[PDB]
């Protein structure tokens, strides 16, 4: 839960690459998620009709929702762990309305790492992957604790 200053630097350095194309990264990540863990698609009434990766690729709505997710995640990561204010609304909606278990947040964490690895091999080597894994794990653990604080079992 305590990353080194160097680890946060590696996280924010590759995050800057994501920010050059937020929608493309977001669509790639959601498509990877739905492909790797298809049960997650069923949480989205707006996407559950999409039956193939190619259909997902053509979905402009999926690109927009990719921006929605990554915009929130980027703001969290930039806080370098001090993200209490940012997790409050996300925990509220994801625990009590969307009903997303923490395990699904683990699935999307794996998708994020997969997409970063594929799109940024030169800036996402072993050290950067380790750092991003720690940053996403911190996010998951803190949001799991916030679910519990709100009265819910993630």
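Numbering follows the first chain given and starts at 1.
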Out of 27-35 and 46-54, which stretch has the higher average CA B-factor listed in the record? 46-54
Per the PDB entry, maximal CA B factor within 94, 119, 103, 64: 119
Just grab whichever of 136, 11, 143, 18 has the top CA B-factor as deposited. 18
Comparing residue 123 with the other modelled residues of its chain, is its CA B-factor in the lowest, middle or highest third? highest
For residue 115, the third of its chain by CA B-factor is the highest
Mind checking which third residue 85 falls in for C-alpha B-factor across the chain? highest
Which third of the chain does residue 129 land in by C-alpha B-factor: lowest, middle or highest? lowest
Third assignment of residue 3 from its chain's C-alpha B-factors: lowest
